[PDB]
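Since the structure comes first, as structure tokens, the remarks are kept for the end.
All values below were derived from every heavy atom in this structure, side-chain atoms included, with hydrogens, water molecules and symmetry-related copies excluded. Residues: numbered from 1 along the sequence shown.
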Amino acid sequence: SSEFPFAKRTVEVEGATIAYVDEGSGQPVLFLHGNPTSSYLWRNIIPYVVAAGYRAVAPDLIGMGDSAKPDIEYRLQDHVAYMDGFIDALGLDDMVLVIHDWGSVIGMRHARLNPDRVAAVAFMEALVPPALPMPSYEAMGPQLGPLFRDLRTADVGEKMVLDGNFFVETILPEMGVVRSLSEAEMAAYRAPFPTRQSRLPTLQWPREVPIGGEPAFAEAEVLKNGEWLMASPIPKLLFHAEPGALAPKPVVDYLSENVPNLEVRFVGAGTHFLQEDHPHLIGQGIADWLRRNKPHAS
Ligand SMILES: [Cl-]
Ligand SMILES: [Cl-]
């Protein structure tokens, strides 16, 4: 359950190494994680799509998991270039996306710009309207608001994240998961981030969240993704939890009434990293949804 019974493969993308899980055969299901996780996040979900007869492909984002740590800024722009390049390197086509957090932004953008290549999209705790973009820190509540302001403040964020590893050591196990992560699980999540410098991607990601218009690029991407989501005819699947974080009940209710061709699966108690609290419901869910829809790209 904390076990990771997958070998990883490596491929060169834009001069750097991307590590990835590659299991099964045939139609690809591409799993995209966010901050501060890796392909490890999907370890208990992957076996469900493989047994359903699909090829499970789960890369580690650049600078994360077992992927390379190049001297780059790790902005949204950077991450999309490596993931698009990864898709190209593997020649992935007729894709089902399974996406979370910043992975949802990268994933939806890819579907948006390549509608001929994406069969279907499963997502959860996504950075997408109506919840995103955020108008202000105040709009995030008395906990997340000041926390993200801190992360986005010079010196403060560096001390918290680079020196303290706060995203990995606190936000992930304490705020983002209902159950207690085991020692083996925490070891896996901290393994890519033993040094100050290595932690940069976990600091840059909260600095990418579009709040009060900043930064402009991520804001534009999230808004255009929202337009794609409301207009796209392709089969979609949403997992959500109570109370949730990016997607509380009223956000889900809105999405369920307005997104075309959307299946919604409540998983019970959870906040953000739903895969840790309900991997089997999520796994069974994706497989069942694929069995009924058999989605293919036009
Ligand atoms: Cl983040
Ligand atoms: Cl479960």
Please list, chain by chain and in numerical order, all residues satisfying side chain to side chain contact (heavy atoms under 4.5 Å, CB included) with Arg292, sequence neighbours excluded. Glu263, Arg265, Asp288, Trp289
After noting the C-alpha distance and the side-chain angles of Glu208 and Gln77, does the key distance pass the side-chain contact (heavy atoms from CB on, under 4.5 Å) rule? CA-CA 10 Å; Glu208 290 303 280; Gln77 300 90 301; 3.7 Å; yes
Closest approach of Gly24 and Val50, non-hydrogen atoms and distance? CA-CG1, 4.1 Å
Which is it for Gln204 and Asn35 under the side-chain contact (heavy atoms from CB on, under 4.5 Å) test, yes or no, and what are the steps along the way? CA-CA 10 Å; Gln204 193 57 43; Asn35 195 41; over 6 Å; no
For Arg179, salt bridge (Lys or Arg N to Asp or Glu O under 4.0 Å) partners two or more places apart: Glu185, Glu276
If the condition is ring pair (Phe, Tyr, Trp, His ring centres under 6.0 Å), which residues does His296 pass it with, not counting sequence neighbours? none
Where do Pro129 and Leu255 come nearest, in terms of heavy atoms and distance? O-CD2, 3.7 Å
Is the OH atom of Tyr254 crowded by more than 12 outside heavy atoms at less than 6.0 Å? no
Answer yes when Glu158 and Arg152 have at least one side-chain N-carboxylate O distance shorter than 4.0 Å, and no when they do not. no
Measure the OG1-OH distance between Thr202 and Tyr74 for me, rounded to the nearest 0.5 Å. 11.0 Å
How far does CG of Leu76 sit from CD of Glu221, to the nearest 0.5 angstrom? 6.0 Å
Heavy atoms, side chains only, cut-off 4.5 Å: are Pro192 and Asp66 in contact? no
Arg190 bridged to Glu169 by N-O distance under 4.0 Å: yes
For the residue pair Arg207 and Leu203, establish whether any side-chain heavy-atom pair is separated by less than 4.5 Å. yes
Which distance, rounded to the nearest 0.5 Å, do you find between the CG of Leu238 and the CE of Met124? 8.5 Å
Closest non-hydrogen atom pair, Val251 against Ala131: CG2-CB, 4.3 Å
Kindly indicate whether the side chain of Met108, heavy atoms from C-beta on, has any atom under 4.5 Å from the side chain of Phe123. yes
Would you check if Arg75 and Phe217 make a side-chain contact, meaning some heavy-atom pair closer than 4.5 Å? no
Using ring pair (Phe, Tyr, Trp, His ring centres under 6.0 Å) as the criterion, list what pairs up with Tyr189, not counting sequence neighbours. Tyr40
Which heavy atom of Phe193 sits nearest to which heavy atom of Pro36, and what is that distance? CE1-O, 3.7 Å
Rounding to 0.5 Å, atoms NZ (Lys236) and CG (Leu229) come to a distance of 6.5 Å
Do NZ/NE/NH1/NH2 and the carboxylate oxygens of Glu227 and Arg112 come within less than 4.0 Å? no
Tell me if a side-chain donor or acceptor on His100 pairs with a main-chain N or O of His33 at a distance below 3.5 Å. no
Do any side-chain atoms of residues 84-92 form donor-acceptor pairs under 3.5 angstrom with protein atoms, and if so which ones, sequence neighbours left out?
{"residue": "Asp84", "atom": "OD1", "partner": "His110", "partner atom": "ND1", "Å": "2.9"}
{"residue": "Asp84", "atom": "OD2", "partner": "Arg109", "partner atom": "NH1", "Å": "2.9"}

Any chance you could measure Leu61, atom CG, to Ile18, atom CD1, to the nearest 0.5 Å? 7.5 Å
Calculate, to the nearest 0.5 Å, the distance between atoms CZ and CE belonging to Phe148 and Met140 respectively. 5.0 Å
Less than 4.0 Å between a side-chain N and a carboxylate O, is that true for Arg196 and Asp163? yes
For a quick test of reading the model, state the closest non-hydrogen atom pair linking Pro59 to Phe31 and the distance between them. CD-O, 3.3 Å
Do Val98 and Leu32 touch side chain to side chain, with heavy atoms closer than 4.5 Å? no
Distance-minimising heavy-atom pair for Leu151 and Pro206: CD1-CB, 3.9 Å
Across all chains, not counting sequence neighbours, the ring pair (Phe, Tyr, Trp, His ring centres under 6.0 Å) partners of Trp102 are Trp205
